[PDB]
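Chemist: Take a look at the following structure, please.
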Amino acid sequence: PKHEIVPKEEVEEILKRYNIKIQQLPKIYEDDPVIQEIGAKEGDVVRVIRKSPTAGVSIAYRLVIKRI
């Protein structure tokens, strides 16, 4: 699996620890108090791939963007 994100220094484990997925939503606003704690803002993209045979395979990618 893999995970590819820019601000992975921290956004990698957050968007990937939840479940290396994002499916729920491969998009996030830079107004999040979470990304602010890391300093990610803006238009950053995050990739998260998981494979599991067991589960399946899944590939997702988040993308923090300001909003507006």
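Chain lettering (A, B, ...) mirrors the order of the structure tokens, residue numbering begins at 1 for each chain separately, and ligand numbering begins at 1 in order of display.
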List every residue of chain A that DSSP, applied to the backbone of this structure, places in strand (DSSP E), and write the result as a PyMOL selection string.
Modeler: chain A and resi 2-5+28-29+44-52+56-65
Chemist: Can you spit out the residues from that selection as a tab-separated table (two decimals), in the first residue's frame, using N, CA and C atoms?
Modeler:
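Output contents, as saved in selection12.tsv:
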```
chain	number	residue	atom	x	y	z
A	2	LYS	N	0.36	2.00	-0.37
A	2	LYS	CA	1.05	2.98	-0.40
A	2	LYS	C	0.39	4.27	-0.05
A	3	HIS	N	0.87	5.14	0.16
A	3	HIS	CA	0.28	6.42	0.50
A	3	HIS	C	1.12	7.50	-0.02
A	4	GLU	N	0.58	8.41	-0.69
A	4	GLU	CA	1.36	9.49	-1.22
A	4	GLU	C	0.77	10.83	-0.92
A	5	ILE	N	1.32	11.61	-0.20
A	5	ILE	CA	0.79	12.93	0.13
A	5	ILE	C	1.90	13.95	0.20
A	28	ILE	N	-10.91	17.90	1.40
A	28	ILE	CA	-10.98	18.54	2.70
A	28	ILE	C	-10.76	20.03	2.59
A	29	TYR	N	-11.33	20.79	3.43
A	29	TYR	CA	-11.15	22.25	3.36
A	29	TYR	C	-9.99	22.69	4.20
A	44	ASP	N	-3.45	21.10	-1.08
A	44	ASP	CA	-2.55	19.96	-0.99
A	44	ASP	C	-3.29	18.66	-1.32
A	45	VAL	N	-2.66	17.74	-1.92
A	45	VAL	CA	-3.33	16.46	-2.25
A	45	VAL	C	-2.75	15.32	-1.44
A	46	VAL	N	-3.53	14.35	-1.14
A	46	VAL	CA	-3.03	13.20	-0.34
A	46	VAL	C	-3.47	11.90	-0.98
A	47	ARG	N	-2.58	11.01	-1.20
A	47	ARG	CA	-2.97	9.72	-1.82
A	47	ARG	C	-2.87	8.61	-0.82
A	48	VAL	N	-3.79	7.72	-0.83
A	48	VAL	CA	-3.76	6.61	0.12
A	48	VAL	C	-4.18	5.33	-0.57
A	49	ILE	N	-3.37	4.38	-0.69
A	49	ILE	CA	-3.73	3.11	-1.36
A	49	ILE	C	-3.67	1.96	-0.39
A	50	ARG	N	-4.60	1.07	-0.43
A	50	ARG	CA	-4.59	-0.07	0.49
A	50	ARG	C	-4.94	-1.34	-0.21
A	51	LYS	N	-4.38	-2.30	0.10
A	51	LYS	CA	-4.68	-3.56	-0.55
A	51	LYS	C	-4.72	-4.52	0.14
A	52	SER	N	-5.68	-5.06	0.32
A	52	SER	CA	-5.78	-6.01	0.99
A	52	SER	C	-6.67	-7.02	0.43
A	56	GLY	N	-10.05	-6.07	0.31
A	56	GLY	CA	-10.19	-5.51	-0.79
A	56	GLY	C	-9.21	-4.70	-1.16
A	57	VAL	N	-9.33	-4.06	-2.14
A	57	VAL	CA	-8.40	-3.25	-2.55
A	57	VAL	C	-8.93	-1.97	-2.68
A	58	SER	N	-8.30	-1.01	-2.31
A	58	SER	CA	-8.77	0.26	-2.41
A	58	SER	C	-7.82	1.37	-2.63
A	59	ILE	N	-8.10	2.28	-3.42
A	59	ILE	CA	-7.21	3.38	-3.68
A	59	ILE	C	-7.95	4.70	-3.52
A	60	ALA	N	-7.46	5.55	-2.67
A	60	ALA	CA	-8.15	6.84	-2.47
A	60	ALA	C	-7.13	7.96	-2.37
A	61	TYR	N	-7.57	9.17	-2.55
A	61	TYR	CA	-6.63	10.31	-2.47
A	61	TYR	C	-7.36	11.55	-1.98
A	62	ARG	N	-6.91	12.14	-0.92
A	62	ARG	CA	-7.58	13.35	-0.40
A	62	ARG	C	-6.99	14.60	-1.03
A	63	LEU	N	-7.64	15.72	-0.88
A	63	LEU	CA	-7.11	16.96	-1.47
A	63	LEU	C	-7.59	18.18	-0.70
A	64	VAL	N	-6.85	18.61	0.26
A	64	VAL	CA	-7.26	19.80	1.04
A	64	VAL	C	-7.30	21.02	0.17
A	65	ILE	N	-8.36	21.75	0.20
A	65	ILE	CA	-8.45	22.95	-0.63
A	65	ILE	C	-9.22	24.04	0.07
```
Chemist: Can you tell me, as a PyMOL selection string, what residues are no more than 8 Å from residue 41 (chain A) when counting only C-alpha atoms, ignoring any on the same chain fewer than 5 positions away?
Modeler: chain A and resi 30-31+35-36+64-66
Chemist: Determine which residues of chain A DSSP labels as alpha helix (DSSP H) from the backbone of this structure, then write them out as number ranges by chain.
Modeler: A: 8-17, 35-38
Chemist: Compare A:8, A:27, A:21, A:67 by their minimum atom-to-atom distance to residue 40 (chain A), counting only C-alpha atoms, and give me the closest one.
Modeler: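 Of A:8, A:27, A:21, A:67, the one nearest residue 40 (chain A) is A:8, counting only C-alpha atoms.
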Chemist: Find the distance between CA of residue 9 (chain A) and CA of residue 38 (chain A) and write it in Å to one decimal.
Modeler: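 Interatomic distance here is 8.4 Å.
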Chemist: Which is closer to residue 37 (chain A) than all the others in A:6, A:54, A:11, A:17, using only C-alpha atoms?
Modeler: A:11
Chemist: When you draw a straight line from CA of residue 20 (chain A) to CA of residue 42 (chain A), how long is it in Å?
Modeler: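 Answer for the CA of residue 20 (chain A) to CA of residue 42 (chain A) separation: 20.7 Å.
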